[PDB]
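Inside the fold
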Amino acid sequence: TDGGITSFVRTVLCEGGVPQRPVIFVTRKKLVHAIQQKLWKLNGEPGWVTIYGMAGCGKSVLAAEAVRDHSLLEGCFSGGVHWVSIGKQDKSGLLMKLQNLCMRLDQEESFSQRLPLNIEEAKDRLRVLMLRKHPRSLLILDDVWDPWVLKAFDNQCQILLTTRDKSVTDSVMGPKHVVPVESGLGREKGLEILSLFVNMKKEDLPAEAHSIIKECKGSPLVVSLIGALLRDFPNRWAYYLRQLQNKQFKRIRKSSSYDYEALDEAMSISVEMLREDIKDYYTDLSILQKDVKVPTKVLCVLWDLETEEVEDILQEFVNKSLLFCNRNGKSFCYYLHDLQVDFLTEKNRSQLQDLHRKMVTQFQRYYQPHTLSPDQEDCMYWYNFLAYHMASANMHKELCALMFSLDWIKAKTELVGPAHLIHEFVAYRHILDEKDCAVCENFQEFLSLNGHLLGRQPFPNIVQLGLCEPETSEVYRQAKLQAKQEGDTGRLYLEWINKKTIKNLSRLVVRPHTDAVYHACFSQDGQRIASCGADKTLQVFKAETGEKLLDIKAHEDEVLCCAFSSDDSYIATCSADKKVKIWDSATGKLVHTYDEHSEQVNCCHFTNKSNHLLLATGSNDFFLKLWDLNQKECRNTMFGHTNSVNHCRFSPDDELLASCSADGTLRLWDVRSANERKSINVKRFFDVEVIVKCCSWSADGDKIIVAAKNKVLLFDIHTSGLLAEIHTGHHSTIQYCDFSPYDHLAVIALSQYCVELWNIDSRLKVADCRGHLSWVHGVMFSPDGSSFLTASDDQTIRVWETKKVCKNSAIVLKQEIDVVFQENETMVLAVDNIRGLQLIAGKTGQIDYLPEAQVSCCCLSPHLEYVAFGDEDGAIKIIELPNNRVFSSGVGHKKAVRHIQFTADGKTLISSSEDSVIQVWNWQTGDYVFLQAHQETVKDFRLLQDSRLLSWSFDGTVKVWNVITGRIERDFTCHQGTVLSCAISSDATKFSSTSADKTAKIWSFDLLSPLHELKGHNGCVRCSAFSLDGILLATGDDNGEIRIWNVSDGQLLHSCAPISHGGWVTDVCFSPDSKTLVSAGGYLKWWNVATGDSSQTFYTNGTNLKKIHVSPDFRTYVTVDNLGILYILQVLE
Ligand SMILES: Nc1ncnc2c1ncn2[C@@H]1O[C@H](COP(=O)(O)OP(=O)(O)O)[C@@H](O)[C@H]1O
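Residues numbered from 1 in each chain as written, not as in the entry; some residues may be left out. Heavy atoms only, no water.

Observations regarding the overall build of the chain
Scanning the chain for helices and strands turns up 26 helices and 62 strands. Against the compact-globule benchmark of 32 Å for 1133 residues, the chain has a radius of gyration of 35 Å, which places it among compact chains. With the principal axes as the frame, the chain shows a C-alpha extent of 120 × 75 × 60 Å. Scored against the burial criterion, the 1133 residues of the chain give a buried share of 58%. As displayed, the chain offers around 48300 Å² of accessible surface, 49% of which is attributable to carbon and sulfur atoms. Each charge class in the chain was averaged separately, 123 positive and 143 negative side chains, and the resulting centres sit 4 Å apart. (Helix = DSSP H or I, 4+ residues; strand = E, 2+ residues; numbered from the N terminus. Rg over C-alpha atoms; globule rule 2.2 N^0.38 Å. Buried < 20%, exposed > 50% of the residue type's maximum accessible area, 1.4 Å probe, protein only. Areas by Shrake-Rupley, 256 points an atom, 1.4 Å probe, with all protein chains shown as cover. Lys, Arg positive; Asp, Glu negative; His and termini not counted. Charge placed at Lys NZ, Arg CZ, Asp CG, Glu CD.)

Some thoughts on the pairing of strand β11 (residues 528-533)
For a regular strand, the rule is simple: side chains alternate between the two faces of the sheet. With six of its six residues buried, β11 lies for the most part within the structure. Pairing between strand β10 (residues 517-522) and β11: five bridges, direction antiparallel. The partner of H519 across the bridge, within β11, is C532. Taking the residues that link successive antiparallel strands as the turn, the β11-strand β12 (residues 538-542) hairpin has four residues, and the phi of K536 there is positive, at about 75°. (Pairing = 2+ DSSP bridges.)

As for the site of the ligand
By nearness alone, 17 residues border the ligand, and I24, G56, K59, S60 and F324 come closest of all. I24 has a polar backbone atom sitting 3.5 Å from a nitrogen atom of the ligand. Residue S224 places a side-chain N or O atom 3.3 Å away from an oxygen atom belonging to the ligand. Within the complex, 91% of the 560 Å² of free accessible area of the ligand lies under protein. Among the elements of the structure, α3 (59-66) and α10 (220-232) are those that each provide at least two residues to the shell around the ligand. In the shell around the ligand, the residues fall into 10 nonpolar, five polar and two charged. Each of domain 1 (1-183) and domain 2 (184-274) accounts for three or more of the residues forming the shell around the ligand. (Near = heavy atom within 4 Å. Polar contact = N/O pair within 3.5 Å; in protein donor to acceptor, adjacent residues only side chain to side chain. Nonpolar A, V, L, I, M, F, W, Y, C, P; charged D, E, K, R; others polar. Domains from an automatic or database assignment.)

Things to note about the domain arrangement of the chain
The assigned domain composition of the chain is domain 1 (1-183), domain 2 (184-274), domain 3 (275-348), domain 4 (349-489), domain 5 (490-503 + 808-1133) and domain 6 (504-807). Between the C-alpha centres of domain 1 and domain 4 the distance comes to 34 Å. Listed as interface residues are 11 residues of domain 1 and, on the opposing side, 13 residues of domain 4. Summing both sides of the interface, domain 1 and domain 4 together bury roughly 960 Å²; the carbon and sulfur share of this comes to 59%. Of all residues in domain 1, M96, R114 and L117 bury the most surface against domain 4, accounting for 52% of the area lost on that side. (Contact = heavy atoms within 4.5 Å. Buried area = accessible area lost by both parts, 1.4 Å probe.)

Regarding the state of the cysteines
This structure, assessed with the given rule, holds five disulfides. Disulfide pairing places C694 opposite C737 at an S-S distance of 2.1 Å. For the disulfide bridge between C694 and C737, the dihedral angle about the S-S bond is near -95°, and by the sign convention the bridge is left-handed. Of this pair, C694 sits in the loop between β25 (675-681) and β26 (703-708) while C737 sits in strand β29 (residues 736-739), and the two are 43 residues apart along the sequence. Taken in N- to C-terminal order, the disulfide-linked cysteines of the chain are connected 1-2, 3-5, 4-6, 7-9, 8-10. No disulfide involves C858; its sulfur sits 7.3 Å from the nearest other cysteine sulfur, which is in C859. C1056 carries a free sulfur, and the closest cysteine sulfur to it, the one in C1023, is 15 Å from it. (Disulfide = S-S within 2.5 Å.)

Section: helix α5 (residues 91-105)
Compared with an ideal rise of 1.5 Å per residue, which puts 15 residues at 21 Å, α5 spans 21 Å between its outermost C-alpha atoms and is within 8% of the ideal. Within α5, 11 of the 15 residues are buried, which leaves the element mostly enclosed by the surrounding structure. At its buried positions, α5 is contacted by β2 (81-85), α6 (119-129), α7 (147-150), α21 (406-416) and α22 (419-427). (Expected span 1.5 Å × (residues − 1).)

A closer look at the packing of aromatic side chains
Throughout the structure, instances matching the rule amount to 28 aromatic pairs. Aromatic side chains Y381 and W382 sit 5.4 Å apart centroid to centroid with 90° between the ring planes, which places their arrangement in the edge-to-face category. Per residue, the accessibility class of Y381 equals that of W382, and both read buried. Linked through ring pairs, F363, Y367, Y381, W382, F385 and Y388 together constitute an aromatic cluster. The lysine or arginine in question, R251, covers the ring of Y260, its NZ or CZ lying 3.9 Å from the ring centre. For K293, the ring lying beneath its charged end belongs to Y335, and the centroid distance is 4.3 Å. (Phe/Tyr/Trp six-rings, centres within 6.5 Å; stacked < 30°, edge-to-face > 60°. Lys NZ or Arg CZ within 6 Å of the ring centre and 35° of its normal.)

Focus: the side chain of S286
For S286, the location among the structural elements is in the loop between α13 (279-284) and β6 (294-295). Only 3.3 Å separates the side chain of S286 from the side chain of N348, close enough to count as a polar contact. Every residue in contact with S286, bar those within four places of it in the chain, is listed here: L344, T345, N348, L352 and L355.

A closer look at the nonpolar core
In terms of nonpolar packing, the biggest core is built from 114 residues, with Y282, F317, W382, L399, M403, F404 and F425 touching the most fellow members. If one sorts the elements of this core by residue count, α10 sits on top with eight residues. Those residues within four positions of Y282 in sequence are excluded, and the remaining contacts are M267, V271, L274, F317, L322, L336, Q340 and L344. (Core = buried A, V, L, I, M, F, W, Y, C linked by side-chain atoms within 4.5 Å.)

Quick notes on the sheet that holds strand β4 (residues 158-163)
Through backbone hydrogen bonds, the strands of a sheet pair up, either in parallel or in antiparallel fashion. With parallel pairing, five strands are arranged side by side in an open sheet as β2-β3-β4-β1-β5. Here the strands that pair on one side only, and so sit at the sheet edges, are β2 and β5 (179-180). The sheet contact formed by strand β1 (residues 47-52) and β5 spans two bridges and is parallel. Following the sheet pairing, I51 is matched in β5 by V179.

Side note on the environment of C754
You can see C754 is positioned in the loop between β30 (745-749) and β31 (755-759). Setting aside residues no more than four positions away along its own chain, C754 makes contact with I748 and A749.

Focus on the UniProt feature "binding site: ATP" in the chain
Listed under "binding site: ATP" in the UniProt record, and renumbered for this structure, are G53, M54, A55, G56, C57, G58, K59, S60 and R164. In three dimensions, the annotated residues from a span of 112 residues occupy one location, with a maximal C-alpha spread of 11.6 Å. Within the element layout of this structure, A55 appears in the loop between β1 and α3. For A55, a relative accessible area of 6% corresponds to the buried category. In this structure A55 touches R164, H337 and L339, once residues within four positions along its chain are discounted. Structurally, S60 can be placed in helix α3. Filtering out sequence-adjacent residues up to four positions away, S60 remains in contact with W83, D142 and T162. (UniProt positions renumbered as here; feature names shortened; annotations may be inferred.)

Some thoughts on α3
The buried fraction of α3 is high, at six of eight residues. All of the buried residues in α3 are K59, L62, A63, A64, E65 and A66. Those residues of α3 that are buried are in contact with α1 (8-15), α2 (29-40), β1, α4 (70-73), β2 and β4.

Brief notes about the sheet that holds strand β51 (residues 970-973)
The sheet built from four strands is open, its strands ordered β48-β49-β50-β51 with antiparallel pairing. Taken across any chain shown, the strands that pair with only one partner, and hence form the sheet edges, are β48 (938-943) and β51. The mean inter-strand angle of the sheet, taken between neighbouring strand axes irrespective of direction, is 15°. In the sheet, strand β50 (residues 957-962) pairs with β51 via four bridges, with the strands oriented antiparallel. Note that in β51 the partner of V958 across the bridge is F972. (Axes fitted to C-alpha atoms, helices over the stretch in contact; angles between N-to-C directions.)

Some details on the pattern of salt bridges
Inspection of the entire model under this criterion finds 58 salt bridges. Between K703 and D700 there is a salt bridge, with the nearest N and O atoms lying 3.1 Å from each other. Its relative accessible area of 26% is what places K703 among the partly exposed residues. Residue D700 is classed as partly exposed on the basis of its relative accessible area, which comes to 46%. A salt bridge links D794 to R798, with the shortest nitrogen-to-oxygen separation between them at 3.4 Å. (Salt bridge = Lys/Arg side-chain N within 4 Å of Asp/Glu carboxyl O.)

Quick look at the structure:
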């Protein structure tokens, strides 16, 4: 003990949160220095300095000491040090930590307010604050347990960690050091501690002294604890040596209790000597978890006391080394050494539940779940632990009542995201929703769909989101009522009416993982399903009900794939730990492991024939391996791939092994000899590198399908010919697929939660499977191909039945639709996502299908009775509804048909395509009027007053044709490039403005020049509308911007346009009242004329909307997102 401090060192250390010396301190200069050395041996270059050793040997104390020396601080870590206490943590654990470390480093919000909402984000937000804002700083990781935790700090920093396992760094790259600390000190130093505690000097130290140290195994933690006794009870020296002698401590699980012995004893004793009043307070600390510094306030409510008092009480404990604590800034928080938490938990075992119940009880006697303001020292403790205690006390009614509440969700998510809660629901499911209710799933699904929204600023009206759930959901009822209980307050909640129809409701949905699901598959008889994800476990459940069957902890790192053997007798799993494992599918007992791959093994499939029993594995190490489960050894190692082997399947006729890799090849090895028979280079891309993934065989084993970037390809196993090439979801990359055994069906997880099954041979999409709003990693058919499963990042696994999914339906449409608001109801005609078009009557299912050669655009004749449509090949057809059959085909159009509309009257059909003519087919007669704009291409058009028609091409030109007399009355050149949209002033028509990459020039039809150029937008206008007379013209920006302008030749009124939109702003529309402006782009969003927006609500699952259909009453809306979901909203009662 002494002084190396410098007031500088002080501040730097107090800032980084570095705990300060113990009650009694004894230098260990020999080691302190050794560490420091390893620290300079870092230089300026990032690295790792590890201090390892048995618990309580002093590792923490040592660390804090190393950075307590100006000489080392300045000129080395000039930027300071940051102490992060971590301990044993799971994914949610580490987030709670990182979140905290982030509230610390960005105290000013130098780079965004709000904490990170997940580990991945957090890691990033940190790699910045550390490589600027805090450059040349030392990070202190205290008590690291798993290697993956360091993998989040592995961002070019200089880190000094403490750990019991000297192997937590085996999973990290970078220069690494080590500094072993002996389990215990030396009799001299040991004696020193006691010497300093009792107040003597080794000389006057009783005989037992040299003998006591021997019992405390030289462990500082233990020694201090005892030295604390001998101090508070100066006579009983030989007495205590005796107690320490015979460890009278009896803990269940007798067995091999290491560090316990000595510690348990010292603890048992010291605690027993606590005054008969503060004795029950310490017992209460048996619910204080390992690695969790508790703020004072917590205990005040626990013990119905007040700040000062509590602190004194707890100060007594700290004085005996029964409790530790450090400054969090004025307010104090107290922790416990991991070893003591174990002591207390073992001792007071049978009271734990009650102690947990005592907490919560005192939390309710003082707070409300959704009331705690973010200024309370204990604010955090409650959010991330209130749920814990309730369940640790096994309180159904209490817990349920907290989780099954939007207020809690809203309150918490807004503070820490939905990450944690999504975990809680899985964890506490058992004690949570049981009975017969599904109120759990409801909230469980609720968090899936909107998880992406919750926590993100601006915090989304939780009531709205809840209104978009099934009527039959608690989430809905809670939100609905939350609404009505406010009826009239300048809000108005839109209410998705056809919410019912949409939602491809899958026959079954399973939630058994706490992290992303990477792969899942059916048992050979299809009765069961096994799924393995990033949560490190192997899971199995009945295919029929999701009824959990097995919950194994398969690996020590993410599980990339899993499969069943030919007789479902086994299940293998291969993971990132580079191991492969075999399990008894019945009992789940490990039936041996095979570690031989260098890198992570991705592929693992068994032989199909019930005869032989082999396992094939592909790995990032470029090899493939055949294992003979009937042998403790590998059987073959196929060398050959140029890159990572991503997939492999045995042929039905077990003689061949197909293999798929990143080296751009498909390959057929010969099982019986592990020899490469063929290799098929994938060269269908325009030298570029391509990765092939999923790759299954045909029924006869004579064909193989594979996926590469945007395509699925069918090869002839023999000739090696490409028998087919279907192009998938435009331009993205197929993440996974699976070929059925019938109907040449193929299911592929397109790109990001999009799932569509195609028909090879027909080379056409058959169905759109909408079920996830988070990445889909895997997907596959049951063995009879009667159904398929979906595995995703939203950590769910859903089972679908093919038949039901492939049936044609109005659940998913294209964005080409037309609506007719006819008072008593709404009517939507839409181009089906696969074949024809649907006559959807909102406010009633009444969906009527009309098949057709895949139309390209729709059209409704006011009065219904007739519907018209565009064609890919240019065809035009009117169908008459009253009959629903007899139609007509008016010849014309080269390119595919774009816009298409009926005349005011039911006769004549104006239509445009991708060329410069506008067909005016006055059907019924057979007459035609052509408008050779001679432009380049008619961008679009729209009917006008009396048989007059406004038209704009992307040549800056806008014309005013006359139907009946294809005569260009007016012709303007209002822009030097594509005219994107433009509307009329409706009222009168004195005005009709444009918008076109640049600004929004507004005019009057007459003056062959614009009234005034509005060069406001920086992104480029894409839409606009005139106030229903009013005197305003709102314009849509290509960058979510949207300025309001005034009908007065040219000005620049208020630019209400945040983003802190969600991509583009493809539409606007003033309200009759000329006060509320409705907007649509990445989502709908209402505003308030003249500064400030409004009901910024309604987030649609999908984005990139186009044209929002408001109605007369401005109390009904219809739209369609790129997810093909039909939104028919309508202001609440
Ligand atoms: N050098 C020391 N001098 C005095 N007490 C010490 C010393 N080292 C450790 N201790 C005691 O042990 C405790 C710190 O233990 P710690 O270092 O955190 O164990 P671990 O290294 O396994 O995390 C303190 O409460 C203190 O009383």
